[PDB]
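Each remark here refers to the structure printed beneath this line.
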Amino acid sequence: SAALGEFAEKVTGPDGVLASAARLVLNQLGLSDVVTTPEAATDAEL
Amino acid sequence: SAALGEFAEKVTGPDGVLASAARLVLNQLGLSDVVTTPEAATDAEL
Amino acid sequence: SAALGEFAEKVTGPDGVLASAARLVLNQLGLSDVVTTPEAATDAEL
Amino acid sequence: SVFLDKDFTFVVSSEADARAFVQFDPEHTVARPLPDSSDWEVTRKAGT
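Protein chains in written order, with the entry's author numbering: chain A, 1983 to 2028; chain B, 1983 to 2028; chain C, 1983 to 2028; chain D, 2560 to 2607.
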């Protein structure tokens, strides 16, 4: 239907360029842990 | 001993750039199988 | 006939990126010389 | 049995299975809720 198929592949490439470069600068992705919300949820529960 | 330590890291990067780009052009690495040598070895055995 | 014409140009670019990067890592292309096959051909001839 | 030298790429898992993952590794594994799908991502660090 859409000729855009190769423009989907052209998105993937820079993502790899982005991801690889991000690891060099030590920018941390997937840092979300159990810290704030549940404590607030505990406070909101009380 | 050698200050070259970061020049070792600077080799790794383009290797990733090389490897990623090589997969796009479908250039096949690690293609060596059992084809020629053992047949020749079989012939050389006879 | 095919609109893919610019996708042919987009292949050429990384090839240059690939080739240039490959020379930096000293990965040698076009290394095939007369070594194995003709010796085997000589053996297969005998 | 092998020890992972560098962090493995994240994989999608259910909340029940991902919490279980944490019970083995826990210093060495990392799990998060995905807000939209409610499921969890499982990422094994180095040392797993």
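Every residue, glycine too, gets a C-beta built ideally from N, C-alpha and C.
For residue i, which residues of its own chain have a beta-carbon under 6 Å away from its beta-carbon, when the five flanking residues on both sides are left out?
i	result
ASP2584/D	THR2607
For chain D, is any of its Cβ atoms less than 8 Å away from the one on residue i?
i	result
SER2002/A	no
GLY2012/A	yes
So is residue i in contact with chain A if we call contact Cβ pairs under 8 Å?
i	result
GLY1987/B	no
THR2602/D	yes
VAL2589/D	yes
Taking just the CA atoms, how far does residue j sit from residue i?
i	j	result
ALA2579/D	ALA2001/B	36 Å
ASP1997/B	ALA2023/A	47 Å
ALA2003/C	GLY2012/B	19 Å
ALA1984/C	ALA1984/A	15 Å
Just to check my reading of the structure: residue i and residue j have Cβ atoms closer than 8 Å, yes? What is that Cβ distance to the nearest angstrom?
i	j	result
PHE2562/D	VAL2601/D	That belief does not hold up - the Cβ atoms of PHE2562/D and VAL2601/D are roughly 17 Å apart, past 8 Å.
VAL2017/B	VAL2007/C	Actually they are not in contact, since the Cβ atoms of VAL2017/B and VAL2007/C sit about 27 Å apart, beyond 8 Å.
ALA2590/D	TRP2599/D	5 Å
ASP2025/B	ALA2026/C	6 Å
I want to see whether chain C comes within less than 8 Å of residue i, judged by CB atoms only; does it?
i	result
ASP2015/B	no
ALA2022/B	yes
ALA2026/B	yes
At a Cβ threshold of 8 Å, is residue i touching chain B?
i	result
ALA1990/C	no
Please return the same chain residues whose Cβ sits closer than 8 Å to the Cβ of residue i, not counting the five positions on each side in sequence.
i	result
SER2597/D	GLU2574
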